[PDB]
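Given as structure tokens, the chain that follows is alone and in the form deposited in one PDB entry.
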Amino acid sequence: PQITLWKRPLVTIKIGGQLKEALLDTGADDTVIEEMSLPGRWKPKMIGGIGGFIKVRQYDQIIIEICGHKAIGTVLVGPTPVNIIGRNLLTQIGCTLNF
């Protein structure tokens, strides 16, 4: 699809068999989702945003669908204000900025 930016670019994602809302976020290097269960081992990561830094859990090779497009990649879990789909997964689904 072509998504304009007059409103927040909110989309539906599927992760762990569940539907969630997330923001397509070109300013995010990585993808961050609110507290939830994911399988496997995790490693620590720090990420810095407009207000400072937060600690998150990094899960690798996670199955995720973004507006029906299938991706498999890294997903961070932590106290993010909103679920964010960052460049690591935007590149997987072939998303570009255009003007």
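Note that residue numbering follows the sequence shown and begins at 1. Heads up, when I say rigid core I mean the largest set of C-alphas that superpose within 1.5 Å between the two forms.
Keep in mind that the form deposited in another entry is not shown, yet the notes after this line are about it.
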Q) Aligning on the rigid core, do we see the C-alpha of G49 shift 2 angstroms or more between this form and the one not shown? A) yes
Q: Specify closer or farther for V11 and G51: how their Cα atoms are spaced in the other entry versus the shown form, given a shift of 3 angstroms or more.
A: farther
**Q.** in the other entry, whether the C-alpha atoms of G52 and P9 sit closer or farther than here (change of 3 Å or more)
**A.** farther
